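In the block that follows, a single chain appears as structure tokens, in the form deposited in one PDB entry.
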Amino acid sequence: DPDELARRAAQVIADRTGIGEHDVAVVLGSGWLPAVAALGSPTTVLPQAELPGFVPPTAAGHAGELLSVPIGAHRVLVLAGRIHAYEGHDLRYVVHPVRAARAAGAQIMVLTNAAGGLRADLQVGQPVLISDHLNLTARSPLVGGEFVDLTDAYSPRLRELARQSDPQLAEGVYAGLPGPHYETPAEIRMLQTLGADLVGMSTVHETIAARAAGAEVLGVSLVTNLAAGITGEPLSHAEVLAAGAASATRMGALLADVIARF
């Protein structure tokens, strides 16, 4: 049972951090690892692996740590690193971190990720607020008759607050695919036709799980590379991490400021 597992994880989080309840949770994706320090001074740092139900992250660029950080008037859970469906894990494990965070009191989830940019106006290193998503995985983290509405899955209010921190922030539709292979140029052209502005291999299930659990979501993609076929240059995860590092300072500052506005 996902709920009981989440509660057990939340209890351990409370016991180890000494904080009975957190207010916000942030998941740092590929390329975002170095932005963790700017969020603030952690009062607790521990391995995600220690927590019940947490499959340790294994992808390059994911620290696999959980930090408790005070940001503004909030106590924030920072999930440095995440796991993905392409790693072979049942979605119950993929969305467990968000569910555990919710069980720990977090009613706002800030989901960040590295994405390929499909819209012509997007440049490498640019942060893009996720306005909506396209779940192209043919899967759902929900089982049974859990008919969750996804109309304002990415809270307009939170995107407005982000815009208050930095007015220049653009928005875009994120397409979530299975992965782990990158897309072919033809698939990218297809995604453009489908209305996608960004492409990645995560986030969508976590967003669905968050909404199902009653939490709001702010999604932020860092354009770590132009989508396959745009430049013709081959994609590389190492380069994705490098591109993310170049914007780490701005990203950390952005997250710290926006969260404090919540």
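Don't overthink the numbering: it's just position in the shown sequence, from 1. Note that the rigid core is defined as the largest set of C-alphas that superpose within 1.5 Å between two forms.
Chemist: Comparing 1-9 with 252-260, which has the greater mean CA B-factor as deposited?
Modeler: The entry gives the higher C-alpha B-factor average to 1-9.
Chemist: Would you tell me which stretch averages the higher CA B-factor in the PDB entry, 51-59 or 202-210?
Modeler: So the stretch with the higher mean C-alpha B-factor is 51-59.
Chemist: Using the entry's values, work out which of 176, 81, 145, 127 has the largest Cα B factor.
Modeler: That would be 145, according to the entry.
Chemist: Of the choices 164, 184, 131, 113, which one's C-alpha carries the largest B-factor in the record?
Modeler: Among 164, 184, 131, 113, the PDB entry lists the largest C-alpha B-factor for 164.
Chemist: Quick one: classify residue 24 as lowest, middle or highest third of the chain based on its Cα B-factor.
Modeler: As the PDB entry reports it, the C-alpha B-factor of residue 24 lands in the middle third of its chain.
Chemist: Consider only the C-alpha atoms of the modelled residues in this chain, order them by B-factor as the entry records it, and name the third containing residue 102: lowest, middle or highest.
Modeler: Ranked within chain, residue 102 CA B lands in the middle tercile.
Chemist: Residue 120: which third of its chain by C-alpha temperature factor?
Modeler: It belongs to the highest third of the chain when residues are ordered by C-alpha B-factor.
Chemist: Using the B-factor values recorded in the entry, state whether the Cα atom of residue 230 falls in the lowest, middle or highest third among the modelled residues of its chain.
Modeler: It falls in the top third of the chain.
Chemist: Can you work out whether the C-alpha temperature factor of residue 71 puts it in the lowest, middle or highest third of the chain?
Modeler: Its C-alpha B-factor, which the entry lists for residue 71, ranks in the highest third among residues of this chain.
There is also a form deposited in another entry; it is not shown, and the following applies to it.
Chemist: Which residue of 27, 36, 63, 67 is the mover here, meaning its C-alpha shifts by 2 Å or more between the shown form and the other one once both are aligned on the rigid core?
Modeler: None of the others reach 2 Å, which leaves 63.
Chemist: Verify the C-alpha shift of residue 214 between the shown form and the other one: is it 2 Å or more after superposing the core?
Modeler: Superposed on the core, residue 214 moves its C-alpha less than 2 Å between the shown form and the other one.
Chemist: Does residue 193 show a Cα shift reaching 2 Å between the shown form and the other one after rigid-core superposition?
Modeler: After core superposition, the C-alpha of residue 193 moves less than 2 Å between the shown form and the other one.
Chemist: Using a rigid core superposition, assess whether residue 45 undergoes a CA shift of 2 Å or more between the shown form and the other one.
Modeler: No, the C-alpha position differs by under 2 Å between the shown form and the other one.
Chemist: Did residue 62 and residue 170 drift closer or farther in that other deposited form, going by a CA distance change of 3 angstroms or more?
Modeler: Farther: residue 62 and residue 170 separate by 3 Å or more in that other deposited form.
Chemist: Relative to the form shown here, do the C-alpha atoms of residue 128 and residue 62 sit closer together or farther apart in that other deposited form, given a change of 3 Å or more?
Modeler: Residues separate in that other deposited form, at least 3 Å farther apart.
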